[PDB]
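Note sheet for the following structure.
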2 protein chains.
Amino acid sequence: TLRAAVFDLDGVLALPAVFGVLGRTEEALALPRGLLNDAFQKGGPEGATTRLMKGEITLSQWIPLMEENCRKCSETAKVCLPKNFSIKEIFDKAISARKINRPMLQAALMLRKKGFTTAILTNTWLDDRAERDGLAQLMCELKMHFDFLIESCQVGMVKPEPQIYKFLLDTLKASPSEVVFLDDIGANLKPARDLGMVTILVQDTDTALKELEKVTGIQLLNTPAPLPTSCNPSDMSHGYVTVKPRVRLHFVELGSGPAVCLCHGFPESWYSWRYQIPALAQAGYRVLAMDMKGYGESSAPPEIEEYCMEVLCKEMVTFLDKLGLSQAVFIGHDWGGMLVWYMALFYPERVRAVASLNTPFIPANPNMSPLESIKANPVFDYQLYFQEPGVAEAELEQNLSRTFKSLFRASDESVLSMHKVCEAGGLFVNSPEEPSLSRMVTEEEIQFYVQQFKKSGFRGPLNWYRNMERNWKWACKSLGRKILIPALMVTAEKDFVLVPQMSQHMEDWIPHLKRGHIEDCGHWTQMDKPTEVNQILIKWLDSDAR
Amino acid sequence: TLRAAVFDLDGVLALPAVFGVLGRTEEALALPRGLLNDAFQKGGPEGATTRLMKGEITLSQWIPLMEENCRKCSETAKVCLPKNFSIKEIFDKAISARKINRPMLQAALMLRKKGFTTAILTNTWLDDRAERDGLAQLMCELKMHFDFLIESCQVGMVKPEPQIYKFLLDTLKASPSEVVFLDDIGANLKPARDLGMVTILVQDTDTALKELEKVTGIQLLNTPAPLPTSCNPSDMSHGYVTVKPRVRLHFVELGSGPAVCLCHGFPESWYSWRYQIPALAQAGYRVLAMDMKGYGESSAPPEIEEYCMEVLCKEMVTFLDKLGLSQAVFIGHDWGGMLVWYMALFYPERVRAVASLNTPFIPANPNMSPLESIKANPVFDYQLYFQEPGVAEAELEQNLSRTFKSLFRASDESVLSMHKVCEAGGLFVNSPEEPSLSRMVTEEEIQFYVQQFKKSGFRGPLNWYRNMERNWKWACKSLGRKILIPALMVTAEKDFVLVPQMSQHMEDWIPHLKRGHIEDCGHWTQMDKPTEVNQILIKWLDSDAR
Ligand SMILES: O=C(Nc1ccc2c(c1)-c1ccccc1S2(=O)=O)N1CCC(F)(F)CC1
Ligand SMILES: O=C(Nc1ccc2c(c1)-c1ccccc1S2(=O)=O)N1CCC(F)(F)CC1
């Protein structure tokens, strides 16, 4: 019958607890046992600490009142505090040391996923120290995972006053027997028990999680590692920039710090980076995930030459100019990866660092048209099928649900004949009309892509393939150059089109190239192996793009 | 008959020139005269430097070819280069030293304002050095002021080849006798002269500006300092965030670096910060200029309680959460300034620094309702007029052009009876039906505000005045606190409503408060004295908010 779980911050969701530092400070300074804890609670409901927790005063106003409390306590104990005693120094180190208790947060996320309402109820203060940003960052990371955050200093009440428990129940819209309450301080559990709530005293994490498992009937300990956190489209900041008359680019933006621009492939969306966007922002970066030209909310003009590399790269430079960005890190996948190599070759001043997932850097052959290279290979027969305007559009737009369900599949779930596409007369000729759902995607995720492609269709996206000769002529101007800015190439073991061996001569052009490799990964890298992608990108950004 | 002016970058728009460093390096190192200049030009059209300027190779590829050229030149001169000789060190220092030639840029801006087409035509390279950002920033600042930027390394041609001059004329759509060409290198003028263009050899800035004045008939030297650069609404990045169902906030965004949030007053728009937005972004900040709730493209719900301070401050915190910002600097004016003091009092962790233009911090009096304080003063009689829903709306919405033309005026151009507004029966009862245009604003600027207020009217904006009792009750909770984060108060000498003497007791609440004062400034601070505002804010941000 439980349907809500309430957690404390200090000592429960974040470790170590502040009170723990008071005891460790006493032992380190050879002070009488409990002395700093007595000064902290000095006065009870009338004391300085209660005024602080109720929001009457700020942390900087409380520090000298706590220092005065430490002297009154030392005088009655007949001891002398060291000459270098500082409450600010002690509290600063305690707050900095506090980190998220990962297994406790994972249990909260699992309960929320199974239908529970989750909340944080904490005794906290108005932090106005010069170092207050460290605390703001902690709260931001936690608050996105809970339904409610109730802070004592904002509501004017504190634990253990019985009215804060009534306020909590009114907010949750639940009766006490439907609520689990976790706290590390016994006195704070007593009022919740008097009301009828299930209480768990937190001394060590594992024992508290075992009690929680037993009482909710859900497995929380020994569970598989969850997928990274993903975006909700309606919670994102949406940005719109006009780069040319009748050409507007849409993007999604999150975080602060060095700008990182994400460039998707075919036939994708900004939504293909849903697992990377929160991870990269949390790592200290300002992420801009684009809808490339021809896709989603970006403009989709019908003319073929609007999609040649020269025009696309120039519009990306105009995008940085209108946003007031002198530089950005460029990360691309598939057609987006092809574009980011050309950005580094033609506009290195604007590119802080360049990374490509799956797409190798392949230099143009001045002795052979790209049409002849494509005809002398059976794996690229689909590129000839994509040439005639109207042909692939009619097949791909006929049933959008079938199109995305057939393309977005893991390497072992393939349902498409990759060869003799032209001979067969289409991409889906030997394919089922109702394909099964892949393990990589949910029905809700597929429907987001369906909704986006209902707006402009496949004309714009397919035109990226209809400029082979124009792109070849433009690329021939860079054959004498080398890429000498920080670069990363990530290969995917099981990509059918972009095999890892197609990247082996890149070191001749990018002599200081860094590499990444993902085993058991197909073409749709970001959604196939999201944890592995995040780890490779974050490590490279922190060392080579900082 | 002149209608286009073309400028070189090196030696003309940016000083000192690169060639100037080669000569100064020779003198400093006691090398033979002209040695480094001979190595630089070694090979002519077939030499390394021409390949660099045409985009065949990058700057890092050219450095060791230039080092080899310096050795071949030294061998034939029978001299030895010092043991610590480095082309990279020499070029790095030269590029860093180069700064915008302010009077040359001012002359370019004046000509553009008088109808001329302006362009930069330069011999430049693909910069891939680790320090390339310094150059990208320089180009970004310059490119926003010119119609065209033609770089040799992007077009594959160089000065003095005659085809680059033909390419320039085709781009400008003009005949040679309609073009003025400025360059510091004589050889680069010769082809432009052969075509019939007016040429100016730049040796010193003043003499070149005198020749330019004489030939265009426009005064360029000894002119009054121009106003700061202003935004074009259609060139801005527009951002939209949903903070609550049916409540979406619109903002304009520019720059990179620490986030700065601008909060306008009544009855204004994000457009009221048009002179501060480019200046703050250029100073190294990421500016977010809001349309506050009830205004422009932000949501404007009709309910009065949607505009009380508690709700407004909470939505501003949700805005930072959805954008992934742990902190922002908050700068407000008028009603926006009132809001930023309450953000610092209730959410100090989220506020890096706080600044208010005109609006002082006035603490609530727990012994008297704000309605009684307003009735015991004749200058605030307009606040009683704004109380009754529908009354001030009908008068202010009747003729939008008259409304904005009557309000947006300098201190000496006032046309409104400020007292006995209720007795008189309105704000505009003794006002002309067609008021003259103020010197602060253009007709085009007034029409932007007219267009914005056509969407939602005055209901939302007026509701900010209809929560006096609710705001008073909420503010009473902070009477024991002090503002101890970095703070700035800016007073305006001639503001009729917010007189500087209303701010005199702020030091009791904000003991380390910094101050600014603007003489001969009325209520509309940002557009009345924009240069003075920019200088006060930039100085304070760089010292107290960095
Ligand atoms: O065509 C691609 N990739 C690519 C992306 C998505 C799909 C295919 C190929 C493909 C091929 C055959 C059948 C179905 C499909 S699919 O619709 O699943 N590229 C060429 C240009 C590049 F090198 F820039 C990057 C890779
Ligand atoms: O009402 C204001 N300012 C303000 C802003 C704009 C105009 C007036 C007052 C006003 C007053 C009388 C006639 C015309 C006009 S007006 O439409 O030109 N404030 C009160 C709350 C505050 F203290 F937060 C900031 C200042």
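Every chain in the structure tokens takes a letter, A first, then B, and so on in the order presented; its residues are numbered from 1, and the ligands are numbered from 1 following the presented order.
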- Query: So which residues are near ligand 2, meaning at most 10 Å away with only C-alpha atoms and all ligand atoms counted, given back as a PyMOL selection string?
  - Reply: chain B and resi 265-268+332-339+357-362+379-383+385-386+396+403-404+406-409+414-419+421+426-428+462+464-465+468+495-498+523-524
- Residue hits in chain A, query chain B, radius 8 Å, only C-alpha atoms, as an MDAnalysis selection string: chainID A and resid 55:58 60:61 126:130 132:133 135:137 140 154 234:242 253:259 281 321:327 346:350 477:482 484:485
- Residues flagged strand (DSSP E or B) by DSSP in range 161-408 of chain A, as a PyMOL selection string: chain A and resi 179-183+198-201+237-244+247-254+259-263+286-290+328-333+351-357
Find the spatial neighbours of range 67-83 of chain B, counting only C-alpha atoms, within a cut-off of 8 Å - ignore same-chain residues fewer than 2 positions away - and output them as a PDB file with N, CA and C atoms, in the first residue's frame.
```pdb
ATOM      1  N   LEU B  29      67.191  41.886 -32.350  1.00  0.00           N
ATOM      2  CA  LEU B  29      68.134  40.773 -32.382  1.00  0.00           C
ATOM      3  C   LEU B  29      69.464  41.088 -33.063  1.00  0.00           C
ATOM      4  N   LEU B  31      70.041  41.615 -36.214  1.00  0.00           N
ATOM      5  CA  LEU B  31      70.117  40.883 -37.463  1.00  0.00           C
ATOM      6  C   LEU B  31      70.266  41.867 -38.637  1.00  0.00           C
ATOM      7  N   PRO B  32      70.802  41.421 -39.791  1.00  0.00           N
ATOM      8  CA  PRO B  32      70.863  42.315 -40.964  1.00  0.00           C
ATOM      9  C   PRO B  32      69.482  42.864 -41.349  1.00  0.00           C
ATOM     10  N   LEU B  35      66.258  41.037 -43.402  1.00  0.00           N
ATOM     11  CA  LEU B  35      66.442  39.569 -43.414  1.00  0.00           C
ATOM     12  C   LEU B  35      65.153  38.728 -43.203  1.00  0.00           C
ATOM     13  N   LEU B  36      64.371  39.046 -42.165  1.00  0.00           N
ATOM     14  CA  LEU B  36      63.128  38.334 -41.879  1.00  0.00           C
ATOM     15  C   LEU B  36      62.043  38.630 -42.912  1.00  0.00           C
ATOM     16  N   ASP B  38      62.736  39.161 -46.115  1.00  0.00           N
ATOM     17  CA  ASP B  38      63.162  38.425 -47.299  1.00  0.00           C
ATOM     18  C   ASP B  38      62.793  36.953 -47.177  1.00  0.00           C
ATOM     19  N   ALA B  39      62.953  36.376 -45.982  1.00  0.00           N
ATOM     20  CA  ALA B  39      62.589  34.978 -45.735  1.00  0.00           C
ATOM     21  C   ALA B  39      61.057  34.803 -45.859  1.00  0.00           C
ATOM     22  N   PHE B  40      60.291  35.796 -45.397  1.00  0.00           N
ATOM     23  CA  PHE B  40      58.839  35.804 -45.469  1.00  0.00           C
ATOM     24  C   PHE B  40      58.335  35.763 -46.921  1.00  0.00           C
ATOM     25  N   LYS B  42      60.234  34.820 -49.595  1.00  0.00           N
ATOM     26  CA  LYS B  42      61.057  33.892 -50.372  1.00  0.00           C
ATOM     27  C   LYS B  42      60.294  32.916 -51.272  1.00  0.00           C
ATOM     28  N   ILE B  63      55.013  27.372 -40.469  1.00  0.00           N
ATOM     29  CA  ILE B  63      56.046  27.760 -39.508  1.00  0.00           C
ATOM     30  C   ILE B  63      57.417  27.092 -39.793  1.00  0.00           C
ATOM     31  N   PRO B  64      57.539  25.743 -39.913  1.00  0.00           N
ATOM     32  CA  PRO B  64      58.867  25.171 -40.224  1.00  0.00           C
ATOM     33  C   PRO B  64      59.393  25.506 -41.633  1.00  0.00           C
ATOM     34  N   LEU B  65      58.512  25.836 -42.610  1.00  0.00           N
ATOM     35  CA  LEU B  65      58.990  26.239 -43.941  1.00  0.00           C
ATOM     36  C   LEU B  65      59.603  27.652 -43.859  1.00  0.00           C
ATOM     37  N   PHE B  85      66.369  31.258 -31.501  1.00  0.00           N
ATOM     38  CA  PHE B  85      65.502  31.790 -32.554  1.00  0.00           C
ATOM     39  C   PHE B  85      64.254  30.945 -32.789  1.00  0.00           C
ATOM     40  N   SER B  86      63.059  31.562 -32.714  1.00  0.00           N
ATOM     41  CA  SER B  86      61.794  30.840 -32.911  1.00  0.00           C
ATOM     42  C   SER B  86      60.745  31.665 -33.656  1.00  0.00           C
ATOM     43  N   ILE B  87      60.343  31.197 -34.859  1.00  0.00           N
ATOM     44  CA  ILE B  87      59.312  31.841 -35.685  1.00  0.00           C
ATOM     45  C   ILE B  87      57.969  31.830 -34.969  1.00  0.00           C
TER      46      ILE B  87
END
```
Find the spatial neighbours of residue 370 in chain A, counting only C-alpha atoms, within a cut-off of 12 Å - ignore same-chain residues fewer than 4 positions away - and output them as a JSON list (two decimals) with N, CA and C atoms, in the first residue's frame.
```
[["chain", "number", "residue", "atom", "x", "y", "z"],
["A", 362, "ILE", "N", 37.93, 10.77, -44.63],
["A", 362, "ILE", "CA", 38.42, 10.19, -45.88],
["A", 362, "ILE", "C", 38.69, 11.32, -46.86],
["A", 363, "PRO", "N", 39.95, 11.47, -47.28],
["A", 363, "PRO", "CA", 40.27, 12.56, -48.20],
["A", 363, "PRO", "C", 39.82, 12.27, -49.63],
["A", 364, "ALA", "N", 39.44, 13.33, -50.35],
["A", 364, "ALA", "CA", 38.98, 13.23, -51.72],
["A", 364, "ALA", "C", 40.09, 12.70, -52.64],
["A", 365, "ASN", "N", 39.69, 11.91, -53.64],
["A", 365, "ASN", "CA", 40.60, 11.40, -54.65],
["A", 365, "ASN", "C", 40.41, 12.30, -55.86],
["A", 366, "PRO", "N", 41.43, 13.10, -56.20],
["A", 366, "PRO", "CA", 41.29, 14.00, -57.36],
["A", 366, "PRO", "C", 41.29, 13.30, -58.72],
["A", 374, "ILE", "N", 31.55, 4.92, -55.75],
["A", 374, "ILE", "CA", 30.33, 4.35, -55.19],
["A", 374, "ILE", "C", 29.83, 3.18, -56.07],
["A", 375, "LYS", "N", 29.95, 3.31, -57.41],
["A", 375, "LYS", "CA", 29.55, 2.25, -58.34],
["A", 375, "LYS", "C", 30.51, 1.04, -58.31],
["A", 376, "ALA", "N", 31.77, 1.25, -57.87],
["A", 376, "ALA", "CA", 32.75, 0.17, -57.77],
["A", 376, "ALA", "C", 32.74, -0.47, -56.37],
["A", 377, "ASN", "N", 31.56, -0.51, -55.72],
["A", 377, "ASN", "CA", 31.38, -1.07, -54.39],
["A", 377, "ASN", "C", 29.90, -1.42, -54.18],
["A", 380, "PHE", "N", 27.61, 0.35, -51.01],
["A", 380, "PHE", "CA", 27.10, 1.71, -51.23],
["A", 380, "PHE", "C", 26.11, 1.80, -52.38],
["A", 383, "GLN", "N", 23.28, 4.36, -51.91],
["A", 383, "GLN", "CA", 23.56, 5.75, -52.26],
["A", 383, "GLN", "C", 23.12, 6.07, -53.68],
["A", 384, "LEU", "N", 23.14, 5.09, -54.60],
["A", 384, "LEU", "CA", 22.65, 5.30, -55.96],
["A", 384, "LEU", "C", 21.12, 5.37, -55.95],
["A", 465, "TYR", "N", 22.68, 13.58, -49.59],
["A", 465, "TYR", "CA", 23.30, 12.57, -50.48],
["A", 465, "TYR", "C", 23.36, 13.00, -51.95],
["A", 466, "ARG", "N", 22.69, 14.11, -52.33],
["A", 466, "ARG", "CA", 22.57, 14.51, -53.72],
["A", 466, "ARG", "C", 23.56, 15.60, -54.15],
["A", 467, "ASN", "N", 24.69, 15.72, -53.45],
["A", 467, "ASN", "CA", 25.71, 16.72, -53.80],
["A", 467, "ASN", "C", 27.10, 16.09, -53.86],
["A", 468, "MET", "N", 27.20, 14.81, -54.25],
["A", 468, "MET", "CA", 28.48, 14.10, -54.29],
["A", 468, "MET", "C", 29.56, 14.83, -55.09],
["A", 469, "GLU", "N", 29.22, 15.33, -56.30],
["A", 469, "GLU", "CA", 30.17, 16.04, -57.17],
["A", 469, "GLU", "C", 30.56, 17.43, -56.62],
["A", 470, "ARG", "N", 29.58, 18.19, -56.11],
["A", 470, "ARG", "CA", 29.82, 19.52, -55.53],
["A", 470, "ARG", "C", 30.72, 19.40, -54.30],
["A", 471, "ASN", "N", 30.47, 18.40, -53.43],
["A", 471, "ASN", "CA", 31.27, 18.20, -52.22],
["A", 471, "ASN", "C", 32.70, 17.77, -52.54],
["A", 472, "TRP", "N", 32.85, 16.94, -53.58],
["A", 472, "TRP", "CA", 34.14, 16.43, -54.03],
["A", 472, "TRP", "C", 35.04, 17.57, -54.53],
["A", 473, "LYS", "N", 34.48, 18.47, -55.35],
["A", 473, "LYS", "CA", 35.18, 19.64, -55.87],
["A", 473, "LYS", "C", 35.65, 20.56, -54.73],
["A", 475, "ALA", "N", 36.10, 19.71, -51.41],
["A", 475, "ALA", "CA", 37.07, 18.99, -50.58],
["A", 475, "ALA", "C", 38.47, 18.94, -51.20],
["A", 476, "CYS", "N", 38.57, 18.97, -52.54],
["A", 476, "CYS", "CA", 39.85, 18.93, -53.25],
["A", 476, "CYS", "C", 40.76, 20.12, -52.93]]
```
- If we count only C-alpha atoms, what is near residue 186 in chain B at a cut-off of 12 Å, once residues fewer than 4 positions away on the same chain are taken out, given as a list in words?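 Those residues are residues 159, 160, 181, 182, 190, 191, 192, 193, 199, 200, 201, 202 and 203 of chain B.
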With N, CA and C atoms kept, could you save the residues just selected as a short mmCIF file (atom, residue, chain, number, x, y, z; two decimals), in the first residue's frame?
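Result file part25.cif:
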```cif
data_model
loop_
_atom_site.label_atom_id
_atom_site.label_comp_id
_atom_site.auth_asym_id
_atom_site.auth_seq_id
_atom_site.Cartn_x
_atom_site.Cartn_y
_atom_site.Cartn_z
N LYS B 159 46.02 39.18 -52.78
CA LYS B 159 46.44 40.49 -53.27
C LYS B 159 47.97 40.36 -53.45
N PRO B 160 48.56 40.82 -54.57
CA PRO B 160 47.96 41.64 -55.62
C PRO B 160 47.47 40.98 -56.93
N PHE B 181 39.42 52.34 -51.81
CA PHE B 181 40.19 51.20 -51.34
C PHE B 181 41.33 51.68 -50.42
N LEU B 182 41.36 51.20 -49.16
CA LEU B 182 42.39 51.56 -48.21
C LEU B 182 43.30 50.38 -47.89
N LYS B 190 48.21 49.18 -56.45
CA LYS B 190 48.43 49.24 -57.90
C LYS B 190 47.32 48.58 -58.74
N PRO B 191 46.91 47.31 -58.50
CA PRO B 191 45.85 46.72 -59.34
C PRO B 191 44.50 47.43 -59.23
N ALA B 192 44.18 47.97 -58.03
CA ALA B 192 42.93 48.69 -57.79
C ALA B 192 42.93 50.04 -58.55
N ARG B 193 44.10 50.70 -58.63
CA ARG B 193 44.29 51.93 -59.37
C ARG B 193 44.13 51.66 -60.87
N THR B 199 42.19 55.08 -54.46
CA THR B 199 43.05 54.37 -53.51
C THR B 199 43.61 55.33 -52.45
N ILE B 200 43.80 54.85 -51.21
CA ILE B 200 44.38 55.65 -50.13
C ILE B 200 45.47 54.81 -49.51
N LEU B 201 46.73 55.29 -49.52
CA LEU B 201 47.84 54.56 -48.92
C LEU B 201 47.86 54.92 -47.44
N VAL B 202 47.70 53.92 -46.57
CA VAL B 202 47.66 54.16 -45.13
C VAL B 202 49.05 54.05 -44.47
N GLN B 203 49.59 55.19 -44.03
CA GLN B 203 50.87 55.20 -43.32
C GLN B 203 50.57 55.55 -41.87
#
```
- Message: So that I can see what lies close to residue 222 in chain A, please list as a ChimeraX atom specification the residues with an atom at most 12 Å from it, counting only C-alpha atoms and leaving out residues fewer than 2 positions away in the same chain.
- Response: /A:103,106-107,206,209-210,213,218-220,224-226
- Message: Report as a PyMOL selection string all protein, DNA and RNA residues lying within 9 Å of range 173-176 of chain B, evaluated on only C-alpha atoms, omitting residues in the same chain fewer than 5 positions from it.
- Response: chain B and resi 3-4+168+192-193+195-198
- Interatomic distance (Å, one decimal) between CA of residue 512 in chain A and CA of residue 356 in chain A: 14.8 Å
